[PDB]
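Chain IDs A, B, C, D, E and F follow the sequence of writing; residue 1 opens each chain.
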Amino acid sequence: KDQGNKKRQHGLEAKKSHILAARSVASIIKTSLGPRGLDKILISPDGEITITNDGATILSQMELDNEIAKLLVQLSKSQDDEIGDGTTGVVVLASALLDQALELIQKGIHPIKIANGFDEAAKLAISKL
Amino acid sequence: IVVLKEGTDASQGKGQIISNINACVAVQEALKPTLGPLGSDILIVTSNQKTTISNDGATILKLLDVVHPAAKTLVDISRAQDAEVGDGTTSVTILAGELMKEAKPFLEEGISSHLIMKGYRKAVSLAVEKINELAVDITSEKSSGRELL
Amino acid sequence: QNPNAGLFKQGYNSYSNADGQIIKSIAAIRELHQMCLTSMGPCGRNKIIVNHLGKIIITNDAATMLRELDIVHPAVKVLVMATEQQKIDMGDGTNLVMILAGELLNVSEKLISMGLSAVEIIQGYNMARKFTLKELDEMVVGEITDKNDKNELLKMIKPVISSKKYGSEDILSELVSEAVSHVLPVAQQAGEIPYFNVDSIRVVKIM
Amino acid sequence: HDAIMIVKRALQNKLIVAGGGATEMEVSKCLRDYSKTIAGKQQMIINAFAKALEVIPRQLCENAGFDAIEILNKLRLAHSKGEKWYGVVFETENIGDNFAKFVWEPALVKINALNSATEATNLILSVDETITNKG
Amino acid sequence: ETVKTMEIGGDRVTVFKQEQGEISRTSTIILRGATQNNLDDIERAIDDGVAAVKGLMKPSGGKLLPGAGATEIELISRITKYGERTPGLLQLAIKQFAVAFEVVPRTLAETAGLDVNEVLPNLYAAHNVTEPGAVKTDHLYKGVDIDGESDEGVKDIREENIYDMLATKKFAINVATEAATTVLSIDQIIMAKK
Amino acid sequence: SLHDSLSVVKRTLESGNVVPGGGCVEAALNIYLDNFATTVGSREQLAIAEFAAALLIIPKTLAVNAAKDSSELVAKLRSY
């Protein structure tokens, strides 16, 4: 149903569109990382106007129609209920990992192998830390 | 006043079956990433702005709501298979799409649908016989009622 | 800028043989003649038609397709009414009537192209119809003795089911014979007194 | 608990066939062998059906990140000789005996899936000319 | 006589049936199947069969004709002969009326995937044969076969007992000719805008 | 006619190493390569199979030019 104006993507196109959306989201909170982050002027779609440099609030008040970006927004919101202080860092690291995955795909590595390698690398990094 | 076809006409000939094949292949490609336990997930958004991510064949079929009259037949068959069997829902769709792809060159060469249907029925009967032969059910042949488990 | 002469009735749709409408009507009928040509025969095929309620209709009956299809041209309406009459009076042979009428019109097109007046074509068709109707009396090979037995009923039931559901005629014929035998009275060799009614048997389905 | 779950699933349906595409490969090989002794368009249709039966293992390998060409070639080479239990191993990218590894799927599930796919394909392809209303 | 609730395929229904007294004159057919399209097609076939059964009355109901186009070919030959005998311009119309009946074997051959270029001449030869005598003999009831796996020529009707009702074919021919005459008799269409 | 027949027969005889024509070579090569491809793999099986299938064009074209059903004739040739 509702076939008209129904969005669809191809493999080679989706694998790049998702990464572009991830980069666009990462640009939202890139400047807010660290104590010296920049304050952003946001007006929510409900009319809430405020100035803050908190990534959690920035992502909560900033809505968008990009489904891939909605995944990052939902992940940030879910994290906000746990610690909430690493939202900007988590989003930045996820964006960097997605860019690296895009680079690997351009080199001919299947996404599942990239995910497994990232999981193993995260395990090793956590163990070292 | 009331028009059953809503003023839309349709062509006749191999074009209709070719278009049906194209629609079925589109559905097969849409459901392809979800095959197998490692199949990729698909993000589907309903008209009510509800987003669901999952690789379950039944969920994908339910949320897709194919509008093409022909592919809807395959969607309904897959839904019936899932409801009655519950296993292989995506496999049926994939096999149907592959058979539709294979049938395209035969139609382009002038082979009638009856011949293709009869050949598919014969091949499926042979496949059923081979499955029955391959089927394993051991009670006391080189095993026991518990050793097999 | 182009002058219009010879038109005095109205600007509404109007067709005359001066422009070859006698062949245009046949061509228009051919649109559904081709549709119905794919239904007759044991190896017939159904078609997908979308109802006004958004439902999907699939059937091998040409009459159902015509009912679910929009009829505009009066020439097509004539054949639709003929098919309805065939179904109501006889209950079977709608595909036969439709295809025969389509082929008769197709050959009439060739006759018109040859230069034969429509009056002679109609007279010859009437004569050939009378000859064929008289000949059909001598073409009989077998005959149903009206024993009301399942074995004799199957002889007629089996061909009727064929061309409507291919591959299952063996079971459908047995089911129909069993259903009929439950309602037929104890009588044989009596064709003047009706015994069997179309509504005497109800059909239901369970998934 | 793990072993009990495994044996429970096995006992729920004791009629099983080799998984990992081994059953599909065996069916395809048998269909090709029969077609080699069948004349007419039936041979072409049977060959097409047998080739189509290999889609499931191909797509499973593709989704698993394995090299589809090499894994399929190895599966064809191994399955064509000796035992018919050779299939795709997903723990490691190679071909092995799924029956020995206890990798299986119900036979009835396979039969039902094949029947449903055949019915859908025939129903969609049963009509060459159609006049379909819009709605 | 008996009223009970019966379970068929998991669904329970109530049945009112008669055994000894007040024997019912009606019966019910219950269809089972996992596909709705197949069930609908079977229901249509059952309805058509029930309607046809009612047609077995005296007015040519019991009379049987050779089906699968054999009757059509015989009618083609007879009408062609009549048109050849018929003088005047009516011969062309009679011949075209005969040719119009060639569709049935053509439709049967095409729907079965058979090559018409070979089936049609084979049918013509089978129905137009020369025998060592003044009366035709042998297999004069050859029809149009569908085969589908392997076969040569066509099979005789008596092999499968494919027969058609005389009344049905006769009434269908009459109605088709009437409709064709009505359509052909219209050489101008005039309508008024609503 | 004798001159023409002698010319053609002499041409046939002078060839001391001949192979049957009329699609025999193409079909035999197709079958042999189809059998062979099942023993190679290594990414070459697909190419060998496609090359084998390619040779079937000649018999198909010959059958089409003969006003016959090419599918049936080619299938019978492959079966033989």
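Definition applied: a residue touches a chain if its C-beta (ideal position, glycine included) is under 8 Å from a C-beta of that chain, and two chains touch if they have at least 3 such contacts.
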Judged by C-alpha centres, the chain sitting nearest the middle of the protein is B
Of C-E and D-F, the pair joined by more C-beta contact pairs is C-E
For chain A versus chain C, what separation do you get between their C-alpha means, in angstrom?
65
When the C-alpha atoms of chain C and chain D are each averaged to a single point, how far apart are the two points in Å?
45
Cα centroid separation between chain A and chain F, in whole Å?
61
Can you work out the whole-Å distance between the CA centroids of chain A and chain B?
35
Junction residues of chain A, two or more chains touched:
111-112
Where does chain F touch two or more other chains at once, residue-wise?
71
Which residues of chain E are in contact with two or more other chains?
34-37, 111-113, 149
Which pairs of chains touch each other in this structure?
A-B, A-D, B-C, B-D, B-E, C-D, C-E, D-E, D-F
Residue numbers of chain F touching chain D in their complex, please.
38-39, 41-43, 45-46, 71-72, 75-76, 78-79
Spell out the residues on chain C that touch chain D in their complex, using ranges where they run on.
34-35, 38, 45-54, 65, 68-69
Contacts from chain B onto chain E in the complex sit at residues 73, 76-77, 80, 84, 111-112, 114-115, 118, 122
Touching residues on chain B, where the partner in the complex is chain A:
38, 40, 43, 45, 47, 51, 65, 67
Which stretch or stretches of chain D touch chain C in the complex?
126-135
